[PDB]
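Accompanying notes for the structure given below.
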Amino acid sequence: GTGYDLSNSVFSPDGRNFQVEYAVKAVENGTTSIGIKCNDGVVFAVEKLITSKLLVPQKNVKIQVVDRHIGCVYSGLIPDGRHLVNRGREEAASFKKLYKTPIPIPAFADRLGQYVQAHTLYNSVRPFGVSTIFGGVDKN
Amino acid sequence: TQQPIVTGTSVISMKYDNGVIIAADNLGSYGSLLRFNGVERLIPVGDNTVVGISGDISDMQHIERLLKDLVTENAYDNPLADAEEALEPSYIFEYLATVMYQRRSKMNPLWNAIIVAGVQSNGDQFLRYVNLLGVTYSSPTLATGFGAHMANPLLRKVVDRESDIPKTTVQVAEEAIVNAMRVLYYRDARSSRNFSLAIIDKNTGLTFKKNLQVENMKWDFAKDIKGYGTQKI
């Protein structure tokens with residue numbers, strides 16, 4: 001039979017989660033964005049389509065800061081990216097609150113990872129319609 | 001409901017013609033034991049605000065961490081963070097005041113007296129007080145705990161009403177403050193000689209002075225005082 005693709009946490013007979021695969025289509029459809037690691041830091045850039053002269057330039061900022069030392073950029077469904085960055089902010093506050101030091105980047109990565117994965121565990125949520133490129137400088 | 005354990009004594013402050021001055025000594029007392037000597041109780045937020053805190057030090061450290069967090073948060077999705085949408089002293093004050101009042105209302109206070117000193121974006125001087133009850137007030141001079149008894153009367157001789165503010169120079173003001181710290185060191189048993197002072201000036205910006213010392217103390221007359229009435233030698 002079929003219908004494997006109608007519901008989020010469902011494994012298809014070949015072991016795939018189709019809804020996640022469809023989320024990836026939403027990403028591919030989005031604006032292009034990149035990150036480049038350099039010898040002492042990271043650089044993030046994004047393409048911002050101008051739909052009309054009417055958009056105030058410089059104004060609809062897309063890159064987001066998490067804590068003081070982390071930058072995030074994403075392609076796809078933008079509101080999804082925001083939601084993910086909100087969570088990243090709570091998640092980093094929590095870490096700083098308890099451990100005093102600002103969150104290490106690999107630690108931070110995993111926090112976002114676990115939250116995103118969480119949204120492929122149940123059919124009462126949809127997966128995230130973004131890929132996120134993010135990074136920073138930490139203790140090492 | 002709690003009781004303060006490690007405490008900081010007075011925070012004193014006044015406004016002059018261009019800005020505001022605020023000072024506090026570097027002591028953390030533990031009852032009558034003068035326990036800790038390296039304690040900074042002036043908290044600068046941005047470059048236009050200094051929050052000076054007395055009372056319970058563990059609570060001060062909590063408020064410290066709240067203020068770091070406010071900076072982080074205001075910077076989020078804000079491309080005018082370091083310009084028109086930076087934190088004003090009035091924002092920082094009204095936030096703290098909110099916290100302090102909600103905390104007393106839950107019968108679990110932050111055991112502090114706080115003075116927020118700064119310069120607004122239109123150049124106006126900001127000086128307001130908030131304590132553990134959530135009580136707030138402004139005046140051309142403001143001091144906490146012991147300082148309200150001994151600094152205010154000295155500082156009020158210099159600025160005594162609003163109209164005295166344009167007449168007062170940073171030299172005259174800082175002198176008045178420095179003198180008040182010496183008086184407090186003479187008569188407050190919970191005070192230290194070492195202190196920090198900060199000026200927030202609409203032209204010069206923020207000057208933060210650390211490791212000051214009460215200088216120029218009169219003790220000589222002590223040699224002529226003997227006994228407690230009839231004793232001659």
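Note on naming: chains are A, B, ... as they come in the structure tokens, residues start from 1 per chain, ligands start from 1 in the order shown.
Within chain A, the backbone-based DSSP assignment of strand (DSSP E or B) covers residues 33, 34, 35, 36, 37, 38, 41, 42, 43, 44, 45, 46, 64, 65, 66, 70, 71, 72, 73, 74, 75, 76, 130, 131, 132, 133, 134, 135 and 136 of chain A.
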Those of segment 2-122 of chain A in DSSP alpha helix (DSSP H), formatted as an MDAnalysis selection string: chainID A and resid 18:28 78:99 105:118
Test item: residues at most 7 Å from segment 136-141 of chain B, only C-alpha atoms, excluding those fewer than 3 positions along its chain, as a PyMOL selection string: chain B and resi 13-15+127-130+152+155-156+159+161-162
Using C-alpha atoms, can you write the selected residues to a file as a compact mmCIF listing (two decimals), in the first residue's frame?
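Contents of selection_9.txt, as written:
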# COMPACT_ATOMS: atom_id res chain seq x y z
CA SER B 13 24.72 60.11 44.34
CA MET B 14 23.78 63.52 42.98
CA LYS B 15 23.24 65.26 39.74
CA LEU B 127 18.47 59.68 39.05
CA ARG B 128 15.99 57.34 40.73
CA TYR B 129 15.89 55.06 43.80
CA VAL B 130 14.16 51.71 44.32
CA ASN B 152 22.39 63.77 51.89
CA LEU B 155 25.22 66.97 49.23
CA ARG B 156 22.08 69.01 49.72
CA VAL B 159 22.36 71.03 45.28
CA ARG B 161 16.66 72.35 44.78
CA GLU B 162 16.29 71.87 40.99
Interatomic distance (Å, one decimal) between atom CA of residue 59 of chain A and atom CA of residue 81 of chain B: 13.9 Å
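Closest approach to residue 126 of chain A among A:39, A:3, A:70, A:80: A:80, based on only C-alpha atoms.
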Counting only C-alpha atoms, which residues of chain A fall within 10 Å of chain B, and what is the closest atom pair for each with its distance in Å at one decimal, ordered by chain and rising number, as a Markdown table?
| residue | atom | partner | partner_atom | distance |
| --- | --- | --- | --- | --- |
| A:58 | CA | B:79 | CA | 9.7 |
| A:59 | CA | B:79 | CA | 8.6 |
| A:60 | CA | B:79 | CA | 9.9 |
| A:61 | CA | B:77 | CA | 8.0 |
| A:62 | CA | B:77 | CA | 9.0 |
| A:63 | CA | B:77 | CA | 8.6 |
| A:64 | CA | B:77 | CA | 6.4 |
| A:65 | CA | B:76 | CA | 6.3 |
| A:66 | CA | B:76 | CA | 7.4 |
| A:67 | CA | B:72 | CA | 6.2 |
| A:68 | CA | B:72 | CA | 6.6 |
| A:82 | CA | B:77 | CA | 10.0 |
| A:86 | CA | B:76 | CA | 9.8 |
| A:89 | CA | B:73 | CA | 9.0 |
| A:93 | CA | B:69 | CA | 8.2 |
| A:96 | CA | B:69 | CA | 9.8 |
| A:97 | CA | B:65 | CA | 8.4 |
| A:100 | CA | B:65 | CA | 9.6 |
Surrounding residues of segment 134-138 of chain A excluding itself and chain neighbours under 6 positions, 7 Å, only C-alpha atoms, as a ChimeraX atom specification: /A:41-42,69-73,104-105
Could you give me, as CSV, every segment 25-76 of chain B residue with an atom at most 9 Å from segment 199-209 of chain B, plus its closest atom pair and distance in Å to one decimal, counting only C-alpha atoms, rows ordered by chain then number?
residue,atom,partner,partner_atom,distance
B:44,CA,B:208,CA,8.5
B:47,CA,B:206,CA,5.8
B:48,CA,B:200,CA,6.3
B:49,CA,B:200,CA,7.1
B:50,CA,B:200,CA,7.8
Point-to-point distance from atom CA of residue 17 of chain B to atom CA of residue 171 of chain B, Å rounded to tenths: 10.9 Å
Atom-to-atom span, atom CA of residue 68 of chain B and atom CA of residue 80 of chain B, Å: 18.0 Å
Which residues are close to residue 7 of chain B, i.e. within 9 Å by only C-alpha atoms, leaving aside same-chain residues fewer than 3 positions away? Reply as a PDB file with N, CA and C atoms, in the first residue's frame.
ATOM      1  N   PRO B   4      19.168  39.343  55.115  1.00  0.00           N
ATOM      2  CA  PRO B   4      20.402  39.593  54.381  1.00  0.00           C
ATOM      3  C   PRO B   4      21.586  38.918  55.089  1.00  0.00           C
ATOM      4  N   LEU B  27      33.325  47.120  50.059  1.00  0.00           N
ATOM      5  CA  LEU B  27      33.201  46.139  51.133  1.00  0.00           C
ATOM      6  C   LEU B  27      31.966  45.198  51.052  1.00  0.00           C
ATOM      7  N   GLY B  28      32.158  43.925  51.408  1.00  0.00           N
ATOM      8  CA  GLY B  28      31.028  43.019  51.658  1.00  0.00           C
ATOM      9  C   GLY B  28      31.095  42.541  53.101  1.00  0.00           C
ATOM     10  N   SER B  29      30.218  43.078  53.948  1.00  0.00           N
ATOM     11  CA  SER B  29      30.215  42.803  55.380  1.00  0.00           C
ATOM     12  C   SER B  29      29.442  41.531  55.645  1.00  0.00           C
ATOM     13  N   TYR B  30      29.796  40.854  56.730  1.00  0.00           N
ATOM     14  CA  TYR B  30      29.093  39.653  57.159  1.00  0.00           C
ATOM     15  C   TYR B  30      28.777  39.902  58.608  1.00  0.00           C
ATOM     16  N   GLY B  31      27.709  40.641  58.846  1.00  0.00           N
ATOM     17  CA  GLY B  31      27.393  41.066  60.195  1.00  0.00           C
ATOM     18  C   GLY B  31      28.444  42.075  60.494  1.00  0.00           C
ATOM     19  N   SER B  54      23.049  48.472  47.193  1.00  0.00           N
ATOM     20  CA  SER B  54      23.397  48.127  48.597  1.00  0.00           C
ATOM     21  C   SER B  54      22.458  47.071  49.111  1.00  0.00           C
ATOM     22  N   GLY B  55      22.798  46.501  50.261  1.00  0.00           N
ATOM     23  CA  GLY B  55      22.010  45.422  50.828  1.00  0.00           C
ATOM     24  C   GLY B  55      22.630  44.074  50.524  1.00  0.00           C
ATOM     25  N   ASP B  56      21.784  43.062  50.344  1.00  0.00           N
ATOM     26  CA  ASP B  56      22.279  41.681  50.284  1.00  0.00           C
ATOM     27  C   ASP B  56      23.069  41.457  48.979  1.00  0.00           C
ATOM     28  N   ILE B  57      24.336  41.010  49.119  1.00  0.00           N
ATOM     29  CA  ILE B  57      25.317  40.840  47.978  1.00  0.00           C
ATOM     30  C   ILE B  57      24.890  39.663  47.070  1.00  0.00           C
ATOM     31  N   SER B  58      24.402  38.569  47.652  1.00  0.00           N
ATOM     32  CA  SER B  58      23.937  37.474  46.823  1.00  0.00           C
ATOM     33  C   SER B  58      22.794  37.964  45.977  1.00  0.00           C
TER      34      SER B  58
END
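Among the candidates A:74, A:4, A:44, A:95, the residue lying nearest to residue 26 of chain A is A:74 (atoms considered: only C-alpha atoms).
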All residues 12 Å or closer to residue 176 of chain B, only C-alpha atoms, same chain fewer than 2 positions away omitted, as an NGL selection string: :B and (12-16 or 21-23 or 141 or 151-159 or 168-174 or 178-183)
Can you tell me which residues surround residue 91 of chain A at a distance of at most 12 Å, considering only C-alpha atoms, apart from same-chain residues fewer than 3 positions away, and format the answer as a PDB file with N, CA and C atoms, in the first residue's frame?
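This is the output file selection.pdb:
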ATOM      1  N   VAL A  66      22.431  34.814  18.318  1.00  0.00           N
ATOM      2  CA  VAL A  66      22.054  34.029  19.462  1.00  0.00           C
ATOM      3  C   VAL A  66      23.128  34.280  20.495  1.00  0.00           C
ATOM      4  N   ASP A  67      22.701  34.669  21.687  1.00  0.00           N
ATOM      5  CA  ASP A  67      23.616  35.057  22.746  1.00  0.00           C
ATOM      6  C   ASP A  67      24.384  36.277  22.279  1.00  0.00           C
ATOM      7  N   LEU A  84      13.060  28.547  15.423  1.00  0.00           N
ATOM      8  CA  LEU A  84      14.224  27.771  15.776  1.00  0.00           C
ATOM      9  C   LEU A  84      15.247  28.625  16.507  1.00  0.00           C
ATOM     10  N   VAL A  85      15.391  29.887  16.081  1.00  0.00           N
ATOM     11  CA  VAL A  85      16.305  30.834  16.708  1.00  0.00           C
ATOM     12  C   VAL A  85      15.816  31.261  18.109  1.00  0.00           C
ATOM     13  N   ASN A  86      14.519  31.530  18.248  1.00  0.00           N
ATOM     14  CA  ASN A  86      13.922  31.672  19.600  1.00  0.00           C
ATOM     15  C   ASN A  86      14.263  30.552  20.560  1.00  0.00           C
ATOM     16  N   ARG A  87      14.160  29.330  20.090  1.00  0.00           N
ATOM     17  CA  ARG A  87      14.457  28.223  20.951  1.00  0.00           C
ATOM     18  C   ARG A  87      15.962  28.252  21.276  1.00  0.00           C
ATOM     19  N   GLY A  88      16.759  28.617  20.274  1.00  0.00           N
ATOM     20  CA  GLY A  88      18.209  28.627  20.434  1.00  0.00           C
ATOM     21  C   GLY A  88      18.557  29.658  21.475  1.00  0.00           C
ATOM     22  N   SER A  94      19.521  29.432  29.249  1.00  0.00           N
ATOM     23  CA  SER A  94      19.548  28.348  30.191  1.00  0.00           C
ATOM     24  C   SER A  94      20.981  27.832  30.556  1.00  0.00           C
ATOM     25  N   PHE A  95      21.819  27.621  29.528  1.00  0.00           N
ATOM     26  CA  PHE A  95      23.182  27.098  29.678  1.00  0.00           C
ATOM     27  C   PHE A  95      24.051  28.101  30.426  1.00  0.00           C
ATOM     28  N   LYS A  96      23.938  29.373  30.036  1.00  0.00           N
ATOM     29  CA  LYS A  96      24.708  30.443  30.656  1.00  0.00           C
ATOM     30  C   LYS A  96      24.253  30.613  32.111  1.00  0.00           C
ATOM     31  N   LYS A  97      22.938  30.522  32.336  1.00  0.00           N
ATOM     32  CA  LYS A  97      22.352  30.633  33.688  1.00  0.00           C
ATOM     33  C   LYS A  97      22.960  29.660  34.637  1.00  0.00           C
ATOM     34  N   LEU A  98      23.059  28.397  34.216  1.00  0.00           N
ATOM     35  CA  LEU A  98      23.491  27.326  35.092  1.00  0.00           C
ATOM     36  C   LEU A  98      25.038  27.155  35.140  1.00  0.00           C
ATOM     37  N   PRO A 102      29.337  31.287  28.487  1.00  0.00           N
ATOM     38  CA  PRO A 102      28.437  31.239  27.321  1.00  0.00           C
ATOM     39  C   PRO A 102      28.555  29.904  26.559  1.00  0.00           C
ATOM     40  N   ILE A 103      27.447  29.435  25.973  1.00  0.00           N
ATOM     41  CA  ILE A 103      27.384  28.070  25.415  1.00  0.00           C
ATOM     42  C   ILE A 103      28.429  27.819  24.290  1.00  0.00           C
ATOM     43  N   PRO A 104      29.222  26.735  24.423  1.00  0.00           N
ATOM     44  CA  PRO A 104      30.115  26.316  23.361  1.00  0.00           C
ATOM     45  C   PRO A 104      29.332  25.977  22.086  1.00  0.00           C
ATOM     46  N   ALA A 107      28.089  22.298  21.658  1.00  0.00           N
ATOM     47  CA  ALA A 107      26.979  22.160  22.588  1.00  0.00           C
ATOM     48  C   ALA A 107      25.752  22.816  21.995  1.00  0.00           C
ATOM     49  N   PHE A 108      25.893  24.037  21.497  1.00  0.00           N
ATOM     50  CA  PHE A 108      24.751  24.750  20.982  1.00  0.00           C
ATOM     51  C   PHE A 108      24.170  24.013  19.782  1.00  0.00           C
ATOM     52  N   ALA A 109      25.058  23.436  18.965  1.00  0.00           N
ATOM     53  CA  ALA A 109      24.608  22.783  17.742  1.00  0.00           C
ATOM     54  C   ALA A 109      23.630  21.732  18.190  1.00  0.00           C
ATOM     55  N   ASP A 110      24.063  20.943  19.169  1.00  0.00           N
ATOM     56  CA  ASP A 110      23.308  19.767  19.545  1.00  0.00           C
ATOM     57  C   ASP A 110      21.960  20.147  20.107  1.00  0.00           C
ATOM     58  N   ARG A 111      21.926  21.258  20.841  1.00  0.00           N
ATOM     59  CA  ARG A 111      20.672  21.726  21.373  1.00  0.00           C
ATOM     60  C   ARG A 111      19.693  21.927  20.251  1.00  0.00           C
ATOM     61  N   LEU A 112      20.127  22.603  19.186  1.00  0.00           N
ATOM     62  CA  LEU A 112      19.215  22.817  18.059  1.00  0.00           C
ATOM     63  C   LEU A 112      18.856  21.484  17.395  1.00  0.00           C
ATOM     64  N   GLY A 113      19.846  20.607  17.278  1.00  0.00           N
ATOM     65  CA  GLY A 113      19.656  19.318  16.643  1.00  0.00           C
ATOM     66  C   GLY A 113      18.594  18.473  17.313  1.00  0.00           C
ATOM     67  N   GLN A 114      18.658  18.408  18.638  1.00  0.00           N
ATOM     68  CA  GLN A 114      17.767  17.577  19.422  1.00  0.00           C
ATOM     69  C   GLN A 114      16.339  18.090  19.278  1.00  0.00           C
ATOM     70  N   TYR A 115      16.201  19.419  19.189  1.00  0.00           N
ATOM     71  CA  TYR A 115      14.886  20.074  19.094  1.00  0.00           C
ATOM     72  C   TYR A 115      14.272  19.848  17.710  1.00  0.00           C
TER      73      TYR A 115
END
